[PDB]
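Trainee: Would you mind keeping the following structure in view while I ask a few things?
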Amino acid sequence: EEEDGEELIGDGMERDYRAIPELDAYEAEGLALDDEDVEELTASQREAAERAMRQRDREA
Amino acid sequence: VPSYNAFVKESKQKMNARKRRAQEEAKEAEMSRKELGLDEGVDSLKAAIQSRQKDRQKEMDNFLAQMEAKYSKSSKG
Amino acid sequence: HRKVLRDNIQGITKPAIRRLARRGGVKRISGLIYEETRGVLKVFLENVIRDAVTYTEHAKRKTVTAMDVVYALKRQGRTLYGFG
Amino acid sequence: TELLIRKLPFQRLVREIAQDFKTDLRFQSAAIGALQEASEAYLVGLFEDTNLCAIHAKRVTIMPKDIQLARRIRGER
């Protein structure tokens with residue numbers, strides 16, 4: 001145990017910087033393309049959410 | 001093969017290699033410490049880390065300001 | 001319809017943590033650095049995503065907008081470095 | 001921008017984490033992008049502080065011990 005430190009600037013480091021198109025772009029599942037029902041929080045909504053969150057944090 | 005004596009030799013070899021790697025790490029760490037410009041001691045480390053924390057705080061403040069100027073209803077109008 | 005996502009913390013690969021460390025200036029890493037990094041990022045993401053989801057829920061919506069995340073990060077900035 | 005974490009794994013991870021808080025949810029792409037940018041900035045800052053903590057202890061190899069030490073200096077737990 002307690003082996004050597006894994007070098008990070010060794011040779012072949014450009015392999016960690018290869019481009020992968022399957023993973024370098026967000027997929028469509030789980031995203032919102034229908035651009036309504038995205039209304040911003042009103043002040044009452046935001047204040048209620050934050051006070052509920054503070055009560056929850058106190059509960060922990 | 002896995003005798004007690006064979007375990008003593010292995011443990012001694014690993015201890016000596018650990019001392020060697022510790023000396024090498026110390027040399028490289030001093031080289032990097034002067035390469036980064038941090039003064040020796042513990043309080044210098046804490047001061048540098050907290051200064052970087054202040055810098056990152058202002059940076060994320062600017063970032064959230066950009067996000068608000070781009071996506072908020074106040075910025076749009 | 002009960003689709004579940006699972007074990008995507010491995011999506012933070014060893015090269016991802018290596019790129020993060022190199023961006024941070026790290027020269028060498030320990031073997032158990034990857035798991036600690038995964039745990040730290042998972043806790044961070046959980047704590048911010050819970051607040052973003054609470055904002056979305058109070059907005060009576062079911063999609064998390066950018067301002068939800070903005071307010072979640074603003075609230076997190078007050079509690080993350082409060083020394084506890 | 002530069003490449004630290006790939007976009008699809010981070011998106012899948014965020015949705016996995018979120019599904020444990022509300023059942024069926026969507027995400028604006030800008031929200032996922034802000035999440036990724038904040039997470040990467042936080043992690044690279046933590047790695048800088050961890051590297052400082054490691055080179056103070058005469059090491060260039062960072063360890064979870066140094067990560068937790070940097071987190072304790074920054075004010076997290």
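Going through the structure tokens in order, the chains are called A, B, and so on, while each chain numbers its residues from 1 and the ligands are numbered from 1 in the order shown.
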Leaving out residue 55 in chain D and any residue of its chain fewer than 4 positions from it, which residues lie within 6 Å of it when counting only C-alpha atoms, given as a PyMOL selection string?
Mentor: (chain B and resi 29) or (chain D and resi 59-60)
Trainee: Filtering to C-alpha atoms, could you give me those residues as a PDB file, in the first residue's frame?
Mentor:
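After the write, out33.pdb holds the following:
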ATOM      1  CA  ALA B  29       6.726  20.259  -2.665  1.00  0.00           C
TER       2      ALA B  29
ATOM      3  CA  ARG D  59       3.679  16.712  -0.553  1.00  0.00           C
ATOM      4  CA  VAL D  60       2.749  17.274  -4.189  1.00  0.00           C
TER       5      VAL D  60
END
Trainee: Starting from chain B, keep only residues with some atom at most 8 Å from an atom of chain A, counting only C-alpha atoms, and report them as a list in words.
Mentor: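 Written out as asked, the residues are residues 18, 21, 72 and 73 of chain B.
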Trainee: Do me a favour and pick out the residues of chain D within 8 Å of chain B, using only C-alpha atoms, as a VMD selection string.
Mentor: chain D and resid 38 45 49 52 to 53 55 to 56 58 to 61 73 to 74
Trainee: What's the 8 Å shell around range 2-19 of chain C, counting only C-alpha atoms, without same-chain residues fewer than 6 positions away, as a PyMOL selection string?
Mentor: (chain A and resi 8+16) or (chain C and resi 34+37-38+42) or (chain D and resi 3-6+9-10+12-13+15-16+19)
Trainee: Write to file, as a PDB file, in the first residue's frame, the residues of the selection just made, with N, CA, C and O atoms.
Mentor:
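This went into selection34.pdb:
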ATOM      1  N   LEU A   8       0.004  13.472 -13.144  1.00  0.00           N
ATOM      2  CA  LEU A   8      -1.067  14.048 -13.942  1.00  0.00           C
ATOM      3  C   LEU A   8      -0.595  14.726 -15.217  1.00  0.00           C
ATOM      4  O   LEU A   8      -1.413  14.926 -16.122  1.00  0.00           O
ATOM      5  N   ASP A  16      -6.847  12.485 -22.178  1.00  0.00           N
ATOM      6  CA  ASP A  16      -7.896  13.036 -21.330  1.00  0.00           C
ATOM      7  C   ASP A  16      -8.589  14.234 -21.962  1.00  0.00           C
ATOM      8  O   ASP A  16      -9.616  14.682 -21.440  1.00  0.00           O
TER       9      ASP A  16
ATOM     10  N   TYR C  34     -10.414  10.021  -6.164  1.00  0.00           N
ATOM     11  CA  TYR C  34     -11.591   9.998  -7.027  1.00  0.00           C
ATOM     12  C   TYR C  34     -12.873   9.846  -6.216  1.00  0.00           C
ATOM     13  O   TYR C  34     -13.861  10.550  -6.454  1.00  0.00           O
ATOM     14  N   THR C  37     -13.650  13.016  -4.245  1.00  0.00           N
ATOM     15  CA  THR C  37     -14.164  14.040  -5.149  1.00  0.00           C
ATOM     16  C   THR C  37     -15.613  13.762  -5.527  1.00  0.00           C
ATOM     17  O   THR C  37     -16.447  14.678  -5.541  1.00  0.00           O
ATOM     18  N   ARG C  38     -15.929  12.503  -5.844  1.00  0.00           N
ATOM     19  CA  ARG C  38     -17.304  12.144  -6.178  1.00  0.00           C
ATOM     20  C   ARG C  38     -18.246  12.442  -5.020  1.00  0.00           C
ATOM     21  O   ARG C  38     -19.325  13.008  -5.222  1.00  0.00           O
ATOM     22  N   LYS C  42     -21.195  15.191  -5.046  1.00  0.00           N
ATOM     23  CA  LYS C  42     -22.555  14.704  -4.856  1.00  0.00           C
ATOM     24  C   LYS C  42     -23.259  15.459  -3.737  1.00  0.00           C
ATOM     25  O   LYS C  42     -24.428  15.828  -3.876  1.00  0.00           O
TER      26      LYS C  42
ATOM     27  N   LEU D   3     -12.757  21.893 -21.270  1.00  0.00           N
ATOM     28  CA  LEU D   3     -13.329  20.581 -20.985  1.00  0.00           C
ATOM     29  C   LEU D   3     -12.879  20.131 -19.600  1.00  0.00           C
ATOM     30  O   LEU D   3     -11.702  19.814 -19.396  1.00  0.00           O
ATOM     31  N   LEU D   4     -13.814  20.114 -18.650  1.00  0.00           N
ATOM     32  CA  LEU D   4     -13.572  19.546 -17.329  1.00  0.00           C
ATOM     33  C   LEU D   4     -14.468  18.343 -17.070  1.00  0.00           C
ATOM     34  O   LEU D   4     -13.965  17.254 -16.774  1.00  0.00           O
ATOM     35  N   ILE D   5     -15.784  18.510 -17.181  1.00  0.00           N
ATOM     36  CA  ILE D   5     -16.745  17.423 -17.051  1.00  0.00           C
ATOM     37  C   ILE D   5     -17.612  17.413 -18.300  1.00  0.00           C
ATOM     38  O   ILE D   5     -18.051  18.469 -18.768  1.00  0.00           O
ATOM     39  N   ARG D   6     -17.855  16.223 -18.840  1.00  0.00           N
ATOM     40  CA  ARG D   6     -18.658  16.115 -20.047  1.00  0.00           C
ATOM     41  C   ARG D   6     -20.127  16.385 -19.737  1.00  0.00           C
ATOM     42  O   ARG D   6     -20.618  16.109 -18.640  1.00  0.00           O
ATOM     43  N   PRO D   9     -22.889  13.181 -19.015  1.00  0.00           N
ATOM     44  CA  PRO D   9     -22.832  12.573 -17.673  1.00  0.00           C
ATOM     45  C   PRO D   9     -23.309  13.504 -16.574  1.00  0.00           C
ATOM     46  O   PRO D   9     -24.012  13.062 -15.657  1.00  0.00           O
ATOM     47  N   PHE D  10     -22.949  14.788 -16.644  1.00  0.00           N
ATOM     48  CA  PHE D  10     -23.403  15.735 -15.631  1.00  0.00           C
ATOM     49  C   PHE D  10     -24.914  15.909 -15.673  1.00  0.00           C
ATOM     50  O   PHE D  10     -25.564  16.002 -14.625  1.00  0.00           O
ATOM     51  N   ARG D  12     -27.156  13.666 -16.732  1.00  0.00           N
ATOM     52  CA  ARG D  12     -27.734  12.448 -16.171  1.00  0.00           C
ATOM     53  C   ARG D  12     -27.614  12.433 -14.652  1.00  0.00           C
ATOM     54  O   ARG D  12     -28.557  12.043 -13.953  1.00  0.00           O
ATOM     55  N   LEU D  13     -26.467  12.867 -14.125  1.00  0.00           N
ATOM     56  CA  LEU D  13     -26.271  12.889 -12.679  1.00  0.00           C
ATOM     57  C   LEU D  13     -27.218  13.873 -12.003  1.00  0.00           C
ATOM     58  O   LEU D  13     -27.794  13.572 -10.950  1.00  0.00           O
ATOM     59  N   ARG D  15     -30.143  14.891 -13.088  1.00  0.00           N
ATOM     60  CA  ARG D  15     -31.509  14.374 -13.121  1.00  0.00           C
ATOM     61  C   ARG D  15     -31.689  13.218 -12.141  1.00  0.00           C
ATOM     62  O   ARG D  15     -32.741  13.100 -11.500  1.00  0.00           O
ATOM     63  N   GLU D  16     -30.666  12.368 -11.992  1.00  0.00           N
ATOM     64  CA  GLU D  16     -30.728  11.300 -10.998  1.00  0.00           C
ATOM     65  C   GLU D  16     -30.864  11.864  -9.591  1.00  0.00           C
ATOM     66  O   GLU D  16     -31.657  11.362  -8.785  1.00  0.00           O
ATOM     67  N   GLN D  19     -34.466  13.455  -9.155  1.00  0.00           N
ATOM     68  CA  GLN D  19     -35.624  12.566  -9.114  1.00  0.00           C
ATOM     69  C   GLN D  19     -35.913  12.045  -7.710  1.00  0.00           C
ATOM     70  O   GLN D  19     -37.011  11.535  -7.468  1.00  0.00           O
TER      71      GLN D  19
END
Trainee: Please identify all polymer residues within 9 Å of residue 72 in chain D, counting only C-alpha atoms, omitting same-chain residues fewer than 5 positions from it, and present them as number ranges by chain.
Mentor: C: 83; D: 67, 77
Trainee: Selection from above, N, CA and C atoms, as a short mmCIF file (atom, residue, chain, number, x, y, z; two decimals), in the first residue's frame, can you write it?
Mentor:
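Just written: out.cif:
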data_model
loop_
_atom_site.label_atom_id
_atom_site.label_comp_id
_atom_site.auth_asym_id
_atom_site.auth_seq_id
_atom_site.Cartn_x
_atom_site.Cartn_y
_atom_site.Cartn_z
N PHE C 83 -18.96 28.21 8.14
CA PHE C 83 -18.22 27.43 9.14
C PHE C 83 -19.14 26.47 9.89
N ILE D 67 -7.97 17.41 1.19
CA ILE D 67 -9.26 17.93 0.74
C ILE D 67 -10.09 18.37 1.94
N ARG D 77 -18.51 22.25 6.29
CA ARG D 77 -18.68 20.93 6.94
C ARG D 77 -20.17 20.63 7.05
#
Trainee: Any idea what's packed within 10 Å of residue 37 in chain A, counting only C-alpha atoms, ignoring anything in its chain fewer than 3 positions away? Could you give it as JSON, numbers by chain?
Mentor: {"A": [32, 34, 40], "C": [59, 60, 61, 62, 63, 64, 65]}
Trainee: Take the residues from that selection and write them out as a PDB file, in the first residue's frame, keeping N, CA, C and O atoms.
Mentor:
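Output file result.pdb follows:
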ATOM      1  N   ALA A  32     -36.451  21.140 -21.091  1.00  0.00           N
ATOM      2  CA  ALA A  32     -37.669  21.900 -21.356  1.00  0.00           C
ATOM      3  C   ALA A  32     -37.493  22.671 -22.660  1.00  0.00           C
ATOM      4  O   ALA A  32     -36.801  23.693 -22.701  1.00  0.00           O
ATOM      5  N   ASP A  34     -40.558  23.189 -24.565  1.00  0.00           N
ATOM      6  CA  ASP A  34     -41.780  23.981 -24.473  1.00  0.00           C
ATOM      7  C   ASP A  34     -41.515  25.151 -23.535  1.00  0.00           C
ATOM      8  O   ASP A  34     -41.422  24.968 -22.316  1.00  0.00           O
ATOM      9  N   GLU A  40     -41.133  33.125 -13.932  1.00  0.00           N
ATOM     10  CA  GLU A  40     -40.251  33.405 -12.811  1.00  0.00           C
ATOM     11  C   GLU A  40     -41.033  33.417 -11.501  1.00  0.00           C
ATOM     12  O   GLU A  40     -42.239  33.677 -11.471  1.00  0.00           O
TER      13      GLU A  40
ATOM     14  N   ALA C  59     -42.941  27.807  -7.313  1.00  0.00           N
ATOM     15  CA  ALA C  59     -43.420  28.465  -8.522  1.00  0.00           C
ATOM     16  C   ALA C  59     -44.601  27.746  -9.157  1.00  0.00           C
ATOM     17  O   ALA C  59     -45.083  28.199 -10.202  1.00  0.00           O
ATOM     18  N   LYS C  60     -45.068  26.648  -8.557  1.00  0.00           N
ATOM     19  CA  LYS C  60     -46.159  25.837  -9.099  1.00  0.00           C
ATOM     20  C   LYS C  60     -45.851  25.353 -10.513  1.00  0.00           C
ATOM     21  O   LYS C  60     -46.753  25.169 -11.333  1.00  0.00           O
ATOM     22  N   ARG C  61     -44.570  25.149 -10.801  1.00  0.00           N
ATOM     23  CA  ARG C  61     -44.102  24.618 -12.070  1.00  0.00           C
ATOM     24  C   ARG C  61     -43.600  23.194 -11.867  1.00  0.00           C
ATOM     25  O   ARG C  61     -43.592  22.661 -10.753  1.00  0.00           O
ATOM     26  N   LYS C  62     -43.180  22.571 -12.969  1.00  0.00           N
ATOM     27  CA  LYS C  62     -42.537  21.264 -12.918  1.00  0.00           C
ATOM     28  C   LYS C  62     -41.267  21.226 -13.758  1.00  0.00           C
ATOM     29  O   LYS C  62     -40.744  20.138 -14.024  1.00  0.00           O
ATOM     30  N   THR C  63     -40.765  22.385 -14.182  1.00  0.00           N
ATOM     31  CA  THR C  63     -39.483  22.504 -14.858  1.00  0.00           C
ATOM     32  C   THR C  63     -38.632  23.527 -14.121  1.00  0.00           C
ATOM     33  O   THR C  63     -39.126  24.584 -13.717  1.00  0.00           O
ATOM     34  N   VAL C  64     -37.355  23.205 -13.940  1.00  0.00           N
ATOM     35  CA  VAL C  64     -36.433  24.065 -13.207  1.00  0.00           C
ATOM     36  C   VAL C  64     -35.840  25.068 -14.190  1.00  0.00           C
ATOM     37  O   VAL C  64     -35.082  24.696 -15.090  1.00  0.00           O
ATOM     38  N   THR C  65     -36.184  26.341 -14.020  1.00  0.00           N
ATOM     39  CA  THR C  65     -35.653  27.385 -14.880  1.00  0.00           C
ATOM     40  C   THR C  65     -34.283  27.837 -14.379  1.00  0.00           C
ATOM     41  O   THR C  65     -33.787  27.390 -13.341  1.00  0.00           O
TER      42      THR C  65
END
Trainee: Which one of D:23, D:62, D:34, D:39 sits closest to chain A if you count only C-alpha atoms?
Mentor: D:62
Trainee: Kindly determine which residues of chain D lie within 7 Å of chain A, considering only C-alpha atoms, and give the answer as a ChimeraX atom specification.
Mentor: /D:6-9,11,25-29,61
Trainee: Need to verify the contact set: residue 52 in chain C, 8 Å, only C-alpha atoms, exclusion of same-chain residues closer than 6 positions in sequence. Can you return it as a count of residues only?
Mentor: 5
Trainee: Which parts of chain D does DSSP call helix (DSSP H, G or I) when run on the backbone here, written out as a ChimeraX atom specification?
Mentor: /D:7-18,29-56,64-74
Trainee: Taking the chain letters and numbering used in this document, name the residues of chain D that DSSP puts in strand (DSSP E), as a PyMOL selection string.
Mentor: chain D and resi 26-27+61-62
Trainee: Can you tell me which residues surround residue 76 in chain C at a distance of at most 12 Å, considering only C-alpha atoms, apart from same-chain residues fewer than 2 positions away, and format the answer as an mmCIF file with C-alpha atoms, in the first residue's frame?
Mentor:
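result.cif, freshly written:
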data_model
loop_
_atom_site.group_PDB
_atom_site.id
_atom_site.type_symbol
_atom_site.label_atom_id
_atom_site.label_comp_id
_atom_site.auth_asym_id
_atom_site.auth_seq_id
_atom_site.Cartn_x
_atom_site.Cartn_y
_atom_site.Cartn_z
ATOM 1 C CA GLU A 50 -36.986 30.375 1.392
ATOM 2 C CA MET A 53 -36.321 25.934 3.506
ATOM 3 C CA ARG A 54 -34.996 27.748 6.579
ATOM 4 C CA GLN B 57 -16.975 35.087 -3.927
ATOM 5 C CA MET B 60 -19.583 34.157 -8.514
ATOM 6 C CA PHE C 44 -22.747 19.870 -3.192
ATOM 7 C CA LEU C 45 -25.172 18.987 -5.991
ATOM 8 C CA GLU C 46 -27.727 17.483 -3.598
ATOM 9 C CA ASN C 47 -27.735 20.566 -1.379
ATOM 10 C CA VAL C 48 -28.112 22.995 -4.281
ATOM 11 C CA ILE C 49 -30.606 20.889 -6.281
ATOM 12 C CA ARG C 50 -32.909 20.490 -3.276
ATOM 13 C CA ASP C 51 -33.212 24.280 -3.034
ATOM 14 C CA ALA C 52 -33.660 24.674 -6.798
ATOM 15 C CA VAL C 69 -30.751 27.770 -9.951
ATOM 16 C CA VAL C 70 -29.680 31.412 -9.590
ATOM 17 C CA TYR C 71 -31.631 31.796 -6.345
ATOM 18 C CA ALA C 72 -30.464 28.374 -5.139
ATOM 19 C CA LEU C 73 -26.826 29.384 -5.647
ATOM 20 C CA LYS C 74 -27.439 32.754 -3.979
ATOM 21 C CA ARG C 78 -24.786 32.226 2.511
ATOM 22 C CA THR C 79 -24.622 28.763 4.123
ATOM 23 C CA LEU C 80 -21.772 26.914 2.386
ATOM 24 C CA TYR C 81 -18.896 28.826 4.023
ATOM 25 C CA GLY C 82 -20.667 29.700 7.277
ATOM 26 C CA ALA D 38 -20.846 26.573 -10.520
ATOM 27 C CA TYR D 42 -16.242 25.193 -6.828
ATOM 28 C CA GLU D 76 -17.418 24.009 5.042
#
Trainee: One decimal, Å: what's the distance from CA of residue 22 in chain C over to CA of residue 11 in chain A, could you say?
Mentor: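 Distance reported for this atom pair: 14.0 Å.
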